[PDB]
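**Q** Let me give you the structure first, and then I'll get to my questions.
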Amino acid sequence: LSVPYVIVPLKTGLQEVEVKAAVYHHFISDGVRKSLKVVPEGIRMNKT
Amino acid sequence: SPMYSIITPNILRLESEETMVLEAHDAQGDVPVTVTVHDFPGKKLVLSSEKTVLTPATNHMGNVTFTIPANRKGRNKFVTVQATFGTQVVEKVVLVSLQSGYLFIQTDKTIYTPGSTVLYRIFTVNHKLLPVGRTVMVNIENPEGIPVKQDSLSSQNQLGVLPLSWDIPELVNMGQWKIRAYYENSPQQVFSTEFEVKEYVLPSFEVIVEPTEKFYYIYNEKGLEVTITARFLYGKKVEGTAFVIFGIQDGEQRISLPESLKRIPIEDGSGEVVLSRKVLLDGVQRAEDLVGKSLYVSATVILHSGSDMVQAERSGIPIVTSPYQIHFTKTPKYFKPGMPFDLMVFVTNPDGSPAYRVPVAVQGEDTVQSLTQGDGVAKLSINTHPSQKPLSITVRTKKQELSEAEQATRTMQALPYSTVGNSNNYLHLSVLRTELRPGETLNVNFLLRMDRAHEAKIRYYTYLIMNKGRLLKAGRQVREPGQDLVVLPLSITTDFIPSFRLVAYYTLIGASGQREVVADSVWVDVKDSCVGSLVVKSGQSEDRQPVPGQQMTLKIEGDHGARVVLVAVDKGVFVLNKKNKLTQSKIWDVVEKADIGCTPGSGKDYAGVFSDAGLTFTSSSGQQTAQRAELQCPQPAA
Ligand SMILES: *[C@@H]1O[C@H](CO)[C@@H](O[C@@H]2O[C@H](CO)[C@@H](O[C@@H]3O[C@H](CO[C@@H]4O[C@H](CO[C@@H]5O[C@H](CO)[C@@H](O)[C@H](O)[C@@H]5O)[C@@H](O)[C@H](O)[C@@H]4O)[C@@H](O)[C@H](O)[C@@H]3O)[C@H](O)[C@H]2NC(C)=O)[C@H](O)[C@H]1NC(C)=O
Ligand SMILES: *[C@@H]1O[C@H](CO)[C@@H](O[C@@H]2O[C@H](CO)[C@@H](O[C@@H]3O[C@H](CO[C@@H]4O[C@H](CO)[C@@H](O)[C@H](O)[C@@H]4O)[C@@H](O)[C@H](O)[C@@H]3O)[C@H](O)[C@H]2NC(C)=O)[C@H](O)[C@H]1NC(C)=O
């Protein structure tokens, strides 16, 4: 089951997104703390 | 008439021990032998040592192991071997290779992201695959072939393992990167391994595209059937929808087929797609023309959650008229007049992989048959007449279920063994060819062929063993007068790997006081496996699947005193790229390519048998082999 999440990066650099989830009645859980690179607005170029 | 012969590898090597088989026929008592090697031309004395005495207690066979130093263009350099048997001197010039050994580069991952670190190790070994301490130069080039980093470390006392690492800057061109390394003593010989650099993200499932047949029959109504298998990295099956397309390839150009685009559901982690022959032909505008070209499938699976997406691709699907191919590349091109000639039929699938269980036969002899083994080689044997006329053989696949039209055929031509002065004296070596395994024993058959007038003169055979380009062993096979067939109990060790040759010859006086030499060579393939053994299994002799963060015992069963380097990689990585890996099979494939032998066995004459087996014969009587002055084997002339 997919779960959407709208977010808006504010500061550049390797930021951190973290989500957690636990089930009712069952005593199980699992959190994920992955990191994504936040790059500004520009375009690559190799001027001579 | 004392005949002093000498045999050395067709091509010598630097900084390595090359054997040298000394001999003395019809010699009395002892004989002081002095072996010397000089540079060519002139005299510089690269090696003067190594002297031995041929004792009658050893049938007058010597054994001198020498080593050519360094002391360092485009033109090959040669050396002059000089063996002095007491007073009579016999010398021969041999080609020299600058190749000091091999280099194997290993990278943890196959693809890297800009900003990460690349961990690569360089394995340094000799021609015997044994570790060695040398100076290695390592460079790293970008997609546009431009070195950015160069090191100069030494595997001295490092047990032939050079751990290295390099950080990839964020600002850099994506594409195919290359790591080139080479011994300092041989800049011309360079080894390379590629690793892709791309901004990627590890998926959560892999996609496999397997066509029912590893090819396509042009006259197949059903069409090209393809199966789309998709499963998560953890093994569980995948539910989603796939987008599969086709196309034709021509050398380097690809022609997509828009009218073949399909959208099939993926239930139970499996999918079924078919490319009707109708659409295929309509893709162009002479079906027999498409023959030779290839088809490629491009699938694209998307989960029902629309969270992840994977793109797979199968390319190289051959379009041929016969499901098989026959090659006489493992069959000697020379037969013995009136003697059983062995045919090593090499049946392979249109792609290149060997075909298992496929009956074959000859033009005639409808009764004769033989199935193909796991290696892709069939065992055939025919009887020839005492005619000096070329023997033409046509082998035909006899696999049922098909028709005489769907069968693949091939024809070769073998030439009789020219005997010195037309004395009609031959020698045949028949080998019980089965998948040889280190530990077993091989029954080497020696079949003589000559009139009884001089058969009593032959009392021994001189055989030599070729392996990885060096003389592994050489001995004598006794023979009593009246014996046309004698067996040689040759024990197979872990050295014969991968393939080893066996040359055998005898010398005597006959005809008209003329010296004669008759030889015969044979190339046998040994099982392709590790020289020793290395196994990695789970330490826990029980239980199920672990949990992220949990510890687990890891059993490692290897050879004693051996160093083992490890590395663990997420399978998800191989979904993006599985090429350019490191396999034991790829190692033997390289070793075999560097073989000095260029013939499955036998030859036109005695001087051809040795040369076609990677050897050089030279005697005091005059009988020598054909001068070899070319590194590579004969340019394969179909
Ligand atoms: C080409 O040249 C090769 C190198 O010279 C030869 O290889 C040798 O051949 C023999 C027979 O196949 C190999 O096998 C055995 O060796 C072991 C014993 O271990 C050895 O010790 C030897 C003897 O040293 C001393 O000998 C004297 C006299 O007996 C003693 O007084 C003393 O105590 C000690 O024993 C070494 O010479 C020897 O080689 C080993 O170190 C033995 O048990 C077997 O019976 C047999 O001899 C031998 O290992 C080979 N040498 C190696 C591998 O280093 C080869 O014979 C020759 N032929 C070709 C073409 O291969
Ligand atoms: C500085 O920018 C320039 C462009 O302004 C870069 O040059 C090249 O740019 C073109 C167009 O974007 C790239 O073409 C691509 O080529 C790939 C692969 O084909 C290529 O074949 C050539 C010639 O055989 C090789 O030199 C390349 O390595 C590569 O194999 C193709 O798949 C795409 O369809 C696309 O057309 C080209 O790749 C790129 N040159 C590169 C990457 O070497 C230039 O890269 C960049 N930096 C510098 C200074 O090189």
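Residues are referred to by chain and number: the chain letter is A, B, ... according to the order shown in the structure tokens, the number counts from 1 in that chain, and ligands are numbered separately from 1 in the order shown.
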Mind the document's chain letters and residue numbers, and return as a PDB file with N, CA and C atoms, in the first residue's frame the residues of stretch 98-216 of chain B that DSSP labels strand (DSSP E).
**A**
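What follows is the written file part-v3.pdb:
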```pdb
ATOM      1  N   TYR B 102      49.577 -11.444 -15.439  1.00  0.00           N
ATOM      2  CA  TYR B 102      48.226 -10.932 -15.627  1.00  0.00           C
ATOM      3  C   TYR B 102      47.827  -9.989 -14.497  1.00  0.00           C
ATOM      4  N   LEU B 103      46.807  -9.175 -14.749  1.00  0.00           N
ATOM      5  CA  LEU B 103      46.279  -8.265 -13.738  1.00  0.00           C
ATOM      6  C   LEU B 103      44.756  -8.285 -13.740  1.00  0.00           C
ATOM      7  N   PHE B 104      44.169  -8.459 -12.561  1.00  0.00           N
ATOM      8  CA  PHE B 104      42.718  -8.505 -12.431  1.00  0.00           C
ATOM      9  C   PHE B 104      42.207  -7.394 -11.521  1.00  0.00           C
ATOM     10  N   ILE B 105      41.377  -6.518 -12.078  1.00  0.00           N
ATOM     11  CA  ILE B 105      40.816  -5.406 -11.322  1.00  0.00           C
ATOM     12  C   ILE B 105      39.404  -5.729 -10.843  1.00  0.00           C
ATOM     13  N   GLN B 106      39.137  -5.451  -9.571  1.00  0.00           N
ATOM     14  CA  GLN B 106      37.834  -5.734  -8.982  1.00  0.00           C
ATOM     15  C   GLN B 106      37.248  -4.506  -8.297  1.00  0.00           C
ATOM     16  N   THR B 107      36.050  -4.113  -8.715  1.00  0.00           N
ATOM     17  CA  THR B 107      35.351  -2.996  -8.095  1.00  0.00           C
ATOM     18  C   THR B 107      34.143  -3.495  -7.312  1.00  0.00           C
ATOM     19  N   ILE B 111      28.145   0.227 -10.792  1.00  0.00           N
ATOM     20  CA  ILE B 111      27.773   1.593 -11.134  1.00  0.00           C
ATOM     21  C   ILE B 111      27.876   2.493  -9.905  1.00  0.00           C
ATOM     22  N   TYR B 112      28.321   3.729 -10.111  1.00  0.00           N
ATOM     23  CA  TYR B 112      28.536   4.658  -9.007  1.00  0.00           C
ATOM     24  C   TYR B 112      27.858   6.003  -9.247  1.00  0.00           C
ATOM     25  N   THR B 117      32.428   6.894  -3.238  1.00  0.00           N
ATOM     26  CA  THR B 117      33.805   6.423  -3.319  1.00  0.00           C
ATOM     27  C   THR B 117      33.881   5.058  -3.998  1.00  0.00           C
ATOM     28  N   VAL B 118      34.867   4.890  -4.872  1.00  0.00           N
ATOM     29  CA  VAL B 118      35.053   3.634  -5.587  1.00  0.00           C
ATOM     30  C   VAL B 118      36.154   2.792  -4.950  1.00  0.00           C
ATOM     31  N   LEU B 119      35.799   1.584  -4.525  1.00  0.00           N
ATOM     32  CA  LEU B 119      36.759   0.674  -3.912  1.00  0.00           C
ATOM     33  C   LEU B 119      37.178  -0.409  -4.900  1.00  0.00           C
ATOM     34  N   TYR B 120      38.443  -0.379  -5.309  1.00  0.00           N
ATOM     35  CA  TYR B 120      38.945  -1.335  -6.289  1.00  0.00           C
ATOM     36  C   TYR B 120      40.257  -1.981  -5.853  1.00  0.00           C
ATOM     37  N   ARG B 121      40.368  -3.287  -6.080  1.00  0.00           N
ATOM     38  CA  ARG B 121      41.579  -4.030  -5.749  1.00  0.00           C
ATOM     39  C   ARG B 121      42.250  -4.577  -7.005  1.00  0.00           C
ATOM     40  N   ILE B 122      43.578  -4.547  -7.023  1.00  0.00           N
ATOM     41  CA  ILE B 122      44.340  -5.059  -8.157  1.00  0.00           C
ATOM     42  C   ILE B 122      45.104  -6.322  -7.776  1.00  0.00           C
ATOM     43  N   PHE B 123      44.752  -7.436  -8.409  1.00  0.00           N
ATOM     44  CA  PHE B 123      45.413  -8.708  -8.142  1.00  0.00           C
ATOM     45  C   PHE B 123      46.620  -8.897  -9.055  1.00  0.00           C
ATOM     46  N   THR B 124      47.782  -9.126  -8.452  1.00  0.00           N
ATOM     47  CA  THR B 124      49.017  -9.299  -9.208  1.00  0.00           C
ATOM     48  C   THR B 124      49.512 -10.740  -9.151  1.00  0.00           C
ATOM     49  N   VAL B 125      49.506 -11.409 -10.300  1.00  0.00           N
ATOM     50  CA  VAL B 125      49.967 -12.790 -10.388  1.00  0.00           C
ATOM     51  C   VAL B 125      50.795 -13.009 -11.650  1.00  0.00           C
ATOM     52  N   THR B 135      55.928  -3.908  -9.328  1.00  0.00           N
ATOM     53  CA  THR B 135      55.499  -2.513  -9.312  1.00  0.00           C
ATOM     54  C   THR B 135      54.392  -2.292 -10.336  1.00  0.00           C
ATOM     55  N   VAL B 136      53.254  -1.782  -9.874  1.00  0.00           N
ATOM     56  CA  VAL B 136      52.093  -1.605 -10.738  1.00  0.00           C
ATOM     57  C   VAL B 136      51.720  -0.135 -10.920  1.00  0.00           C
ATOM     58  N   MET B 137      51.425   0.241 -12.160  1.00  0.00           N
ATOM     59  CA  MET B 137      50.987   1.595 -12.474  1.00  0.00           C
ATOM     60  C   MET B 137      49.490   1.601 -12.766  1.00  0.00           C
ATOM     61  N   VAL B 138      48.729   2.324 -11.949  1.00  0.00           N
ATOM     62  CA  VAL B 138      47.276   2.350 -12.085  1.00  0.00           C
ATOM     63  C   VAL B 138      46.752   3.737 -12.448  1.00  0.00           C
ATOM     64  N   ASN B 139      45.988   3.808 -13.534  1.00  0.00           N
ATOM     65  CA  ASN B 139      45.376   5.059 -13.968  1.00  0.00           C
ATOM     66  C   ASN B 139      43.855   4.957 -14.031  1.00  0.00           C
ATOM     67  N   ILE B 140      43.187   6.106 -14.016  1.00  0.00           N
ATOM     68  CA  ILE B 140      41.732   6.150 -14.112  1.00  0.00           C
ATOM     69  C   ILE B 140      41.290   7.177 -15.150  1.00  0.00           C
ATOM     70  N   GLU B 141      40.684   6.698 -16.231  1.00  0.00           N
ATOM     71  CA  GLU B 141      40.263   7.569 -17.322  1.00  0.00           C
ATOM     72  C   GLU B 141      38.762   7.842 -17.295  1.00  0.00           C
ATOM     73  N   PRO B 147      42.910  10.507 -18.447  1.00  0.00           N
ATOM     74  CA  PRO B 147      43.383  10.138 -17.108  1.00  0.00           C
ATOM     75  C   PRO B 147      43.220  11.281 -16.112  1.00  0.00           C
ATOM     76  N   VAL B 148      42.771  10.961 -14.903  1.00  0.00           N
ATOM     77  CA  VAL B 148      42.576  11.969 -13.866  1.00  0.00           C
ATOM     78  C   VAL B 148      43.396  11.651 -12.618  1.00  0.00           C
ATOM     79  N   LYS B 149      43.617  10.363 -12.373  1.00  0.00           N
ATOM     80  CA  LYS B 149      44.399   9.925 -11.223  1.00  0.00           C
ATOM     81  C   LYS B 149      45.320   8.769 -11.590  1.00  0.00           C
ATOM     82  N   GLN B 150      46.569   8.848 -11.141  1.00  0.00           N
ATOM     83  CA  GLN B 150      47.546   7.799 -11.405  1.00  0.00           C
ATOM     84  C   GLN B 150      48.368   7.473 -10.163  1.00  0.00           C
ATOM     85  N   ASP B 151      48.431   6.190  -9.822  1.00  0.00           N
ATOM     86  CA  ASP B 151      49.187   5.738  -8.660  1.00  0.00           C
ATOM     87  C   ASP B 151      50.342   4.831  -9.073  1.00  0.00           C
ATOM     88  N   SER B 152      51.221   4.532  -8.122  1.00  0.00           N
ATOM     89  CA  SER B 152      52.366   3.667  -8.379  1.00  0.00           C
ATOM     90  C   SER B 152      52.740   2.877  -7.131  1.00  0.00           C
ATOM     91  N   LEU B 153      51.887   1.927  -6.761  1.00  0.00           N
ATOM     92  CA  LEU B 153      52.114   1.111  -5.575  1.00  0.00           C
ATOM     93  C   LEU B 153      52.770  -0.215  -5.944  1.00  0.00           C
ATOM     94  N   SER B 154      53.271  -0.926  -4.938  1.00  0.00           N
ATOM     95  CA  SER B 154      53.921  -2.212  -5.158  1.00  0.00           C
ATOM     96  C   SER B 154      53.263  -3.313  -4.334  1.00  0.00           C
ATOM     97  N   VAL B 161      47.780  -8.501  -3.611  1.00  0.00           N
ATOM     98  CA  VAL B 161      46.502  -7.808  -3.488  1.00  0.00           C
ATOM     99  C   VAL B 161      46.716  -6.336  -3.155  1.00  0.00           C
ATOM    100  N   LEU B 162      46.319  -5.458  -4.071  1.00  0.00           N
ATOM    101  CA  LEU B 162      46.510  -4.023  -3.887  1.00  0.00           C
ATOM    102  C   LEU B 162      45.191  -3.282  -3.692  1.00  0.00           C
ATOM    103  N   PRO B 163      44.786  -3.090  -2.428  1.00  0.00           N
ATOM    104  CA  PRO B 163      43.567  -2.348  -2.090  1.00  0.00           C
ATOM    105  C   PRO B 163      43.719  -0.860  -2.387  1.00  0.00           C
ATOM    106  N   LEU B 164      42.769  -0.295  -3.126  1.00  0.00           N
ATOM    107  CA  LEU B 164      42.803   1.123  -3.465  1.00  0.00           C
ATOM    108  C   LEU B 164      41.410   1.742  -3.418  1.00  0.00           C
ATOM    109  N   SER B 165      41.351   3.066  -3.516  1.00  0.00           N
ATOM    110  CA  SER B 165      40.081   3.781  -3.474  1.00  0.00           C
ATOM    111  C   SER B 165      40.211   5.185  -4.057  1.00  0.00           C
ATOM    112  N   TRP B 166      39.132   5.672  -4.662  1.00  0.00           N
ATOM    113  CA  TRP B 166      39.115   7.009  -5.244  1.00  0.00           C
ATOM    114  C   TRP B 166      37.729   7.636  -5.147  1.00  0.00           C
ATOM    115  N   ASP B 167      37.679   8.884  -4.694  1.00  0.00           N
ATOM    116  CA  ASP B 167      36.413   9.589  -4.527  1.00  0.00           C
ATOM    117  C   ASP B 167      36.012  10.324  -5.802  1.00  0.00           C
ATOM    118  N   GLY B 175      28.767   8.554 -17.581  1.00  0.00           N
ATOM    119  CA  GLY B 175      28.997   7.653 -18.694  1.00  0.00           C
ATOM    120  C   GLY B 175      29.782   6.420 -18.290  1.00  0.00           C
ATOM    121  N   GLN B 176      30.678   5.982 -19.167  1.00  0.00           N
ATOM    122  CA  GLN B 176      31.486   4.797 -18.906  1.00  0.00           C
ATOM    123  C   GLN B 176      32.912   5.163 -18.511  1.00  0.00           C
ATOM    124  N   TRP B 177      33.281   4.832 -17.277  1.00  0.00           N
ATOM    125  CA  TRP B 177      34.629   5.086 -16.784  1.00  0.00           C
ATOM    126  C   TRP B 177      35.490   3.835 -16.890  1.00  0.00           C
ATOM    127  N   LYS B 178      36.806   4.023 -16.914  1.00  0.00           N
ATOM    128  CA  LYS B 178      37.729   2.909 -17.080  1.00  0.00           C
ATOM    129  C   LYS B 178      38.919   3.005 -16.131  1.00  0.00           C
ATOM    130  N   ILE B 179      39.322   1.863 -15.583  1.00  0.00           N
ATOM    131  CA  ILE B 179      40.501   1.791 -14.729  1.00  0.00           C
ATOM    132  C   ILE B 179      41.565   0.921 -15.390  1.00  0.00           C
ATOM    133  N   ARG B 180      42.678   1.539 -15.771  1.00  0.00           N
ATOM    134  CA  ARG B 180      43.730   0.836 -16.496  1.00  0.00           C
ATOM    135  C   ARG B 180      44.982   0.651 -15.645  1.00  0.00           C
ATOM    136  N   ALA B 181      45.427  -0.595 -15.520  1.00  0.00           N
ATOM    137  CA  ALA B 181      46.627  -0.911 -14.753  1.00  0.00           C
ATOM    138  C   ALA B 181      47.589  -1.758 -15.579  1.00  0.00           C
ATOM    139  N   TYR B 182      48.875  -1.678 -15.251  1.00  0.00           N
ATOM    140  CA  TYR B 182      49.895  -2.427 -15.976  1.00  0.00           C
ATOM    141  C   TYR B 182      51.199  -2.498 -15.187  1.00  0.00           C
ATOM    142  N   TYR B 183      51.924  -3.602 -15.347  1.00  0.00           N
ATOM    143  CA  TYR B 183      53.219  -3.760 -14.699  1.00  0.00           C
ATOM    144  C   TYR B 183      54.210  -2.731 -15.230  1.00  0.00           C
ATOM    145  N   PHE B 191      45.824  -3.796 -18.647  1.00  0.00           N
ATOM    146  CA  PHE B 191      44.556  -4.411 -18.272  1.00  0.00           C
ATOM    147  C   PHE B 191      43.573  -3.332 -17.830  1.00  0.00           C
ATOM    148  N   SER B 192      42.299  -3.510 -18.166  1.00  0.00           N
ATOM    149  CA  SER B 192      41.296  -2.494 -17.866  1.00  0.00           C
ATOM    150  C   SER B 192      39.962  -3.080 -17.409  1.00  0.00           C
ATOM    151  N   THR B 193      39.270  -2.335 -16.552  1.00  0.00           N
ATOM    152  CA  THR B 193      37.939  -2.709 -16.088  1.00  0.00           C
ATOM    153  C   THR B 193      37.067  -1.463 -15.997  1.00  0.00           C
ATOM    154  N   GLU B 194      35.865  -1.537 -16.561  1.00  0.00           N
ATOM    155  CA  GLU B 194      34.990  -0.373 -16.643  1.00  0.00           C
ATOM    156  C   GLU B 194      33.929  -0.335 -15.547  1.00  0.00           C
ATOM    157  N   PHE B 195      33.605   0.874 -15.098  1.00  0.00           N
ATOM    158  CA  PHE B 195      32.530   1.085 -14.137  1.00  0.00           C
ATOM    159  C   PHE B 195      31.727   2.322 -14.526  1.00  0.00           C
ATOM    160  N   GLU B 196      30.409   2.170 -14.606  1.00  0.00           N
ATOM    161  CA  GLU B 196      29.540   3.251 -15.059  1.00  0.00           C
ATOM    162  C   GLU B 196      29.258   4.270 -13.959  1.00  0.00           C
ATOM    163  N   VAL B 197      29.244   5.544 -14.335  1.00  0.00           N
ATOM    164  CA  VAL B 197      28.894   6.617 -13.411  1.00  0.00           C
ATOM    165  C   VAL B 197      27.600   7.287 -13.857  1.00  0.00           C
ATOM    166  N   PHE B 205      12.815  -4.149  -7.293  1.00  0.00           N
ATOM    167  CA  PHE B 205      12.538  -5.413  -7.977  1.00  0.00           C
ATOM    168  C   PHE B 205      13.288  -5.521  -9.303  1.00  0.00           C
ATOM    169  N   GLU B 206      13.578  -6.752  -9.716  1.00  0.00           N
ATOM    170  CA  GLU B 206      14.282  -6.997 -10.970  1.00  0.00           C
ATOM    171  C   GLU B 206      13.327  -7.501 -12.046  1.00  0.00           C
ATOM    172  N   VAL B 207      13.697  -7.296 -13.305  1.00  0.00           N
ATOM    173  CA  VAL B 207      12.877  -7.740 -14.427  1.00  0.00           C
ATOM    174  C   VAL B 207      13.683  -8.599 -15.395  1.00  0.00           C
ATOM    175  N   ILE B 208      13.191  -9.804 -15.658  1.00  0.00           N
ATOM    176  CA  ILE B 208      13.868 -10.732 -16.554  1.00  0.00           C
ATOM    177  C   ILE B 208      13.049 -10.970 -17.818  1.00  0.00           C
ATOM    178  N   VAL B 209      13.718 -10.923 -18.965  1.00  0.00           N
ATOM    179  CA  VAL B 209      13.061 -11.151 -20.247  1.00  0.00           C
ATOM    180  C   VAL B 209      13.655 -12.368 -20.952  1.00  0.00           C
ATOM    181  N   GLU B 210      12.948 -13.492 -20.878  1.00  0.00           N
ATOM    182  CA  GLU B 210      13.440 -14.744 -21.443  1.00  0.00           C
ATOM    183  C   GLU B 210      12.541 -15.276 -22.554  1.00  0.00           C
ATOM    184  N   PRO B 211      13.033 -15.231 -23.800  1.00  0.00           N
ATOM    185  CA  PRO B 211      12.331 -15.834 -24.938  1.00  0.00           C
ATOM    186  C   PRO B 211      12.352 -17.354 -24.832  1.00  0.00           C
ATOM    187  N   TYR B 216      15.307 -17.335 -33.117  1.00  0.00           N
ATOM    188  CA  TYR B 216      14.020 -17.271 -33.798  1.00  0.00           C
ATOM    189  C   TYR B 216      14.069 -17.921 -35.177  1.00  0.00           C
TER     190      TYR B 216
END
```
**Q** Report as number ranges by chain which protein, DNA and RNA residues come within 8 Å of ligand 2, using only C-alpha atoms and all ligand atoms.
**A** A: 45-47; B: 143-144, 173-176
**Q** Near residue B:518, counting only C-alpha atoms, which residues have an atom at most 6 Å away, once you skip same-chain residues fewer than 3 positions from it, shown as a list in words?
**A**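 Residues meeting the cut-off are residues 505, 506 and 606 of chain B.
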**Q** Set the cut-off to 9 Å and count only C-alpha atoms: what are the residues of chain B that reach chain A? Output as a list in words.
**A**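 Matching residues, ligands excluded from the count: residues 305, 306 and 307 of chain B.
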**Q** Residues contacting ligand 1 - anything with an atom at most 7 Å away, using only C-alpha atoms and all ligand atoms - can you give me those as a PyMOL selection string?
**A** chain B and resi 21+63-64+472-475
**Q** What lies within 8 Å of stretch 29-42 of chain A using only C-alpha atoms, ignoring chain neighbours under 4 positions off, as number ranges by chain?
**A** A: 9, 11-23
**Q** Atom CA of residue B:432 to atom CA of residue B:344: how many Å, to one decimal?
**A** 11.7 Å
